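Engineer: Just so you know, the protein sequences line up as chains A and B, in that order. If you count by the authors' numbering, then the first sequence holds residues 12 to 73, 75 to 237, 240 to 260, 268 to 302, 305 to 398, 405 to 514, one letter each, in order. If you count by the authors' numbering, then the second sequence holds residues 11 to 73, 75 to 259, 263 to 298, 303 to 398, 402 to 514, one letter each, in order.
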Amino acid sequence: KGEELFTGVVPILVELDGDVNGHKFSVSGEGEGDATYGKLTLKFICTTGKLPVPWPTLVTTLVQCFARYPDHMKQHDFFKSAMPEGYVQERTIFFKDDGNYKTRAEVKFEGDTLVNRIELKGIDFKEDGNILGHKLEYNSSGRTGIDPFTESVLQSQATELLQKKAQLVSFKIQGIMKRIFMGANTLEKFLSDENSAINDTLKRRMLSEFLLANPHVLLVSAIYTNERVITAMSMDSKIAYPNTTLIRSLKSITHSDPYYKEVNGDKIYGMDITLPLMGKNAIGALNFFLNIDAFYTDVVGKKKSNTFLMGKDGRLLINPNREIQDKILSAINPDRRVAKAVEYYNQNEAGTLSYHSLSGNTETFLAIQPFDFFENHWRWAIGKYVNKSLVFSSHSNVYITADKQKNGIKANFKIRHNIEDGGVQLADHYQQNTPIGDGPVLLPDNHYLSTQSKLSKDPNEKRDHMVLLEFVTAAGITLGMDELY
Amino acid sequence: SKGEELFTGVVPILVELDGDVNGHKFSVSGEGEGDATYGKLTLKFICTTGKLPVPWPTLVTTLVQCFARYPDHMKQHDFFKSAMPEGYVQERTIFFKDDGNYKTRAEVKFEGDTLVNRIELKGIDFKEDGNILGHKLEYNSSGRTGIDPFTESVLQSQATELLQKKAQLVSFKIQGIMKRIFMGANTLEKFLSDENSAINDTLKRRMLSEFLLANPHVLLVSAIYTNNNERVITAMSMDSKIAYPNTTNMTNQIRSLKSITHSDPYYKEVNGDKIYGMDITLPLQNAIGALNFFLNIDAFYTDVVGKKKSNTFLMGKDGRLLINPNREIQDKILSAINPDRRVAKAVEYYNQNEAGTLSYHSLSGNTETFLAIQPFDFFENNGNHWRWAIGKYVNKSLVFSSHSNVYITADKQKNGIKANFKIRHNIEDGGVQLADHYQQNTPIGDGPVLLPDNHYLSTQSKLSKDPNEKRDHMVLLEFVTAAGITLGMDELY
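1) I'd like to confirm the pairing. Which residues does DSSP put opposite residue 234 (chain B) in its beta bridges?
2) Looking at chain A, which residues of the segment 149–165 of chain B have a Cβ within less than 9 angstroms of any of its Cβ atoms?
3) To the nearest angstrom, how far is it from the Cα of residue 87 (chain A) to the Cα of residue 43 (chain A)?
4) Under DSSP, the alpha helix (DSSP H) around residue 217 (chain B) begins and ends at which residues?
5) Quick check on this structure: which residue in B:397, B:139, B:387 and B:424 has the alpha carbon closest to the alpha carbon of residue 412 (chain B)?
6) Between the Cα of residue 381 (chain A) and those of A:321, A:352 and A:134, spot the shortest distance and give me the residue it belongs to.
7) Quick one: does the C-beta of residue 54 (chain A) sit closer than 7 angstroms to a heavy atom of the ligand ATP?
8) Roughly how far, in whole angstroms, is the beta-carbon of residue 422 (chain A) from the beta-carbon of residue 483 (chain A), given that I think they are within contact range, below 8 angstroms?
9) Against chain A, does residue 446 (chain B) count as a neighbour if the rule is that its beta carbon must be under 8 angstroms from one of theirs?
10) What residue does the alpha helix (DSSP H) around residue 177 (chain B) start on, and which one ends it?
11) Compute the distance between the beta-carbons of residue 314 (chain A) and residue 229 (chain A), then report whether it is under 8 angstroms.
12) Counting only Cβ-Cβ distances shorter than 8 angstroms, please list the residues of the segment 378–392 of chain B near chain A, keeping chain order.
13) Considering only the alpha carbon of each residue, which of B:112, B:73, B:95 and B:79 lies closest to residue 457 (chain B)?
14) Of all the residues that make up the segment 350–364 of chain B, which are near chain A by a beta-carbon distance shorter than 8 angstroms?
15) At 7 angstroms on the CB atoms, spell out the chain B contacts of residue 191 (chain A), in chain order.
16) Measuring only the C-alpha atoms, how far is residue 12 (chain A) from residue 447 (chain A)?
17) Below 8 angstroms on the Cβ atoms is my contact criterion, and I expect residue 428 (chain B) with residue 475 (chain B) to pass it. Report the Cβ-Cβ distance as a whole number of Å.
18) DSSP three-state call for residue 85 (chain A): helix, strand or coil?
19) Am I right that residue 449 (chain B) and residue 149 (chain B) are in contact with their C-beta atoms under 8 angstroms? What's the rounded C-beta distance?
20) Could you say which of B:487, B:478 and B:493 lies nearest to residue 506 (chain B) if we only look at CA atoms?
21) Within 8 angstroms of any Cβ in chain B, is that where the Cβ of residue 505 (chain A) sits?
22) Flag residue 200 (chain A) as yes if its beta-carbon sits less than 8 angstroms from any beta-carbon of chain B, otherwise no.
23) Would a C-beta distance cut-off of 8 angstroms place residue 280 (chain A) and residue 316 (chain A) closer than the cut-off?
24) Quick check: is the beta carbon of residue 182 (chain B) nearer than 8 angstroms to any beta carbon in chain A?
25) So if DSSP puts residue 277 (chain A) in a beta bridge, which residue, or which two residues, is it bridged to?
26) Classify residue 359 (chain B) as buried or exposed, calling it buried when 16 or more other Cβ atoms lie within 10 Å of its own Cβ.
27) How big is the Cα-Cα spacing for residue 425 (chain B) and residue 508 (chain A)?
28) State the start and end residues of the unbroken beta strand (DSSP E) segment that holds residue 318 (chain B).
29) Could you name the residues of the same chain whose beta carbon sits closer than 6 angstroms to that of residue 312 (chain A), not counting the 5 residues immediately before and after it, in chain order?
30) So with Cβ pairs under 8 angstroms, would you call residue 509 (chain A) a contact of chain B?
31) What residue from B:79, B:184 and B:205 has the CA that sits closest to residue 305 (chain B)'s CA?
32) Verify the CB distance criterion: does residue 513 (chain A) have a CB-CB separation below 8 angstroms to chain B?
33) Taking the beta carbon of residue 221 (chain B) as the centre, do at least 16 other beta carbons fall within 10 Å, making it buried, or is it exposed?
34) Can you pull the DSSP bridge partners for residue 57 (chain A)?
35) On the CB-based measure, 16 or more other CB atoms within 10 Å of its CB, does residue 460 (chain B) come out buried or exposed?
36) For a test of the three-state rule: what should DSSP assign to residue 14 (chain B), helix, strand or coil?
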């Protein structure tokens, strides 16, 4: 019921009202979540001026409702269950040898927006100490609480997953293209030389069917060299038969370089694939225009995603950002490491690589999956990429446990903040979540939530601010008493 | 590594152990198979000298990491396979705390198609009344001694998701194949529907043959004309050749047809072979005739099961096995094959068109099986009729057993690898018997090998017995996988 509210991208708003040692301040946040992937993209601004505390101290306080719960564990999800009315989330954060935060928040829906209103009160802080003195670092470093084996598992998983998703897109593209070429061959067999057996009217019906069976094709023409051309074209839902006009040397399948075709007032990106009708080996040729733009949803999906389709020389055939379509990768991105992707492509070998992204000043991890769309001329490649600095950052964990007396959940965990020039500042978290409203909620079995966070800055934001990117995922030993926990 | 190429399929395993522990000489012979693709090992070990003087669990690490599953991105770090086929020497010293120690030297190499493991083991300084020589260790692991709950949470969740995902991926491929059949069938219907056109029967035969050529999962197709020039044009995909057989009161059932239909699955006799399939019959404002084709279900064997046998099945109405690795249970219902009533949860998933997992006891052996069911429509109803389901299953007791790990590190001097690890054997009335392992592997041949970056190998093992084996023996099932922080240490630490 609440899971249903987290099916697409959800707009996030967060308002924090804070007072630490008498220093009052306010933080406003905006962004979006996708629980399908556990992705959180957030920007926070301090509206009162300078923030009196380090930004890292307020991350756990500033939405576990966007945690990715594997389908087998979607019954242990209280955060989404409490939606749409919401949940109260109170914490006490003890900074060792310093003050403590007391937070009370309300995470609820206001229309399509998931809101997080927070009241925070801090006391007993040292004015010269790591918090009020701003001596904590912006992001985590060092091996303090990182299990190498655990991180090995998770990293290997991430890399395999990225590689697999690229493979799965390729297969889907190949499926679509296989059918086109299979049908094109059949057309070739009938249109070859069925003099009388096939009258032009019957030929046209075969051409229209080809288009109907393969919506990724815009038009198809049989060019006979009774020099003539029977052409069919797909206008919206409707097959029309335009009267084009005008081979010989052709003796093998060929395709044009991709280009834009003007149909109506739209420019459609595609390519012309011409197949000879020979006969006695050149009776004519069959040509069709492959609508590459018709693959947008097949490559990128219904929601924007980090997927691209790439051709000869690293040319972007499909991309979420339409502005870089038809542009070469190495000509758009200065980072010369991108050339590894064209190299993978040219060697018809799948593989990963790292490069700097123009969009976002982030290190990007990219999986390239080359594939032949017909059995380097007939070769494309899928690209799946992700924020490298996020995906291979350390995981912090919270052991979620049910509190029956309060129809809710509880959790205790330790955040370790890096101190300037050496050492760790402990922040001992105590949490209790209670639903808003007396409706049925899912009290879960014990399980873990695992978070990767990366802090950054908006180069164009003049005010005191934090950009927060996170992955949040749920894991548990729930169907496996076979290990004897 | 040209070695990895030797581990592409299932590989036969043989293991010979020659043992001496405090003067008690013994010999162990092992047989089985590995698939490095999945990290799967299936082994049976026999003691040929009589009773084994040591507990079987003490010998599982001695009695084949060449079969570890290495992710593509970590392949350059697979020393074990890179040393093949010439092989590697694997020496260990195993210190049993407050007791004796094993010294093993083994040679893991190829002898023909068989990966062999010849082991010489020498044990000294053991207490005759102690956990080893006194047989006071248990058969399998128990208790929370050295399992990180979080780590096991990750791995278990991964396993469950993976199993569910693989079922989904087979379903899509089946749907792909079926989508084209029905797309082509519709086109046939459009052309064969106008008998009053210039579509001569000869042109109809060509369209029918193309349909078969484009869709090799179809055995034959017939256009049955009823309401004028009573005739039947049939094409059949014979031995790589499209032939045109000549058939001549199912004429009123075609007259009765008012939507697409399929027969119940059955076996059709073509030549001397029974081909399992079903008839799909499509009508040509009434009923000019019908188009019928026979869907060869057996033609989906490789699409469902793969080139190597695997734990996949294709299931129809009432839990009927359409495709299965074991051909003997084809056409049989799941609930009528397996006594375990929990199998009915599959069938329930199927009827509700909802994916999900379940547990049941496998006829196979005495194994608890974990099964993911993925229902899917192979044609677009509000009823079943046009629904199948994929089943992916695995040994539940193995997949959700604890993982033991070894930190593999390179030894540059000896052109090989090294590792230290600790196994905790459960003591009968008691606690844990530590077994501190020290390992050093060196290649046999003087050829190039891959010295790896540091990484982990992770093993799940389950010990069992063959009820029909009268001799002292161990049945060992294992998963072995490789994991590492290789392309992301900087972003991390």
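In this text, a Cβ means the ideal position worked out from N, Cα and C, and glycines have one as well.
Structural biologist: Looking at the atomic coordinates:
1) DSSP output for residue 234 (chain B) lists B:244 and B:309 as bridge partner(s).
2) Under the 9 angstroms Cβ criterion, the segment 149–165 of chain B contributes 152, 153, 154, 155, 158, 159, 160, 161, 162, 163, 164 and 165.
3) Residue 87 (chain A) and residue 43 (chain A) have their C-alpha atoms roughly 24 angstroms apart.
4) First-last of the alpha helix (DSSP H) with residue 217 (chain B): 212–225.
5) Checked all of B:397, B:139, B:387 and B:424; the closest Cα to residue 412 (chain B) is B:387.
6) Just measuring C-alpha positions, the residue of A:321, A:352 and A:134 sitting nearest residue 381 (chain A) is A:352.
7) The ligand ATP is not part of this structure, which contains no ligands at all.
8) Contact between residue 422 (chain A) and residue 483 (chain A) holds: their C-beta atoms lie close to 6 angstroms from each other, under 8 angstroms.
9) No - not a single Cβ of chain A is within 8 angstroms of the one on residue 446 (chain B).
10) Note, residue 177 (chain B): alpha helix (DSSP H), 160–203.
11) The Cβ atoms of residue 314 (chain A) and residue 229 (chain A) lie closer than 8 angstroms to each other.
12) With the criterion set as a beta carbon lying under 8 angstroms from some beta carbon of chain A, the members of the segment 378–392 of chain B are 386 and 388, in sequence order.
13) When each option's Cα is compared against that of residue 457 (chain B), the closest is B:112.
14) If you check each beta-carbon in the segment 350–364 of chain B against every beta-carbon of chain A, none falls closer than 8 angstroms.
15) Within 7 angstroms of the CB of residue 191 (chain A), the CB atoms of chain B belong to 191, in sequence order along the chain.
16) Rounded to whole angstroms, residue 12 (chain A) to residue 447 (chain A) spans 40 angstroms at the Cα level.
17) Your pair residue 428 (chain B) and residue 475 (chain B) checks out as a contact, with CB atoms roughly 7 angstroms apart and the cut at 8 angstroms.
18) In the structure shown, residue 85 (chain A) sits in a helix (DSSP, three-state: H, G or I).
19) In this structure residue 449 (chain B) is in contact with residue 149 (chain B), their Cβ atoms being roughly 6 angstroms apart against a cut-off of 8 angstroms.
20) Minimum Cα-Cα distance from residue 506 (chain B) among the listed residues B:487, B:478 and B:493 corresponds to B:478.
21) Chain B, which has a Cβ nearer than 8 angstroms to the Cβ of residue 505 (chain A), makes this yes.
22) Taking CB atoms only, residue 200 (chain A) has no neighbour in chain B less than 8 angstroms away.
23) No, these two residues do not count as a Cβ contact at 8 angstroms.
24) No, its Cβ sits nowhere closer than 8 angstroms to a Cβ of chain A.
25) BP columns for residue 277 (chain A) are empty, so no partner.
26) Residue 359 (chain B) counts as exposed, since fewer than 16 other beta carbons sit within 10 angstroms of its beta carbon.
27) Rounded to whole angstroms, residue 425 (chain B) to residue 508 (chain A) spans 20 angstroms at the Cα level.
28) Segment: none, residue 318 (chain B) is in no beta strand (DSSP E) and carries neither H nor E.
29) Excluding positions up to five away in sequence, the list reads 230, 231, 291 and 293.
30) Yes, residue 509 (chain A) counts as interfacial toward chain B.
31) Looking at the Cα atoms, B:205 is the closest of the given residues.
32) Taking Cβ atoms only, chain B reaches closer than 8 angstroms to residue 513 (chain A), which makes this a yes.
33) That one is buried.
34) As a beta-bridge residue in DSSP terms, residue 57 (chain A) pairs with A:38.
35) Answer is buried; the Cβ neighbour count reaches 16.
36) Residue 14 (chain B): helix per DSSP, three-state reduction.
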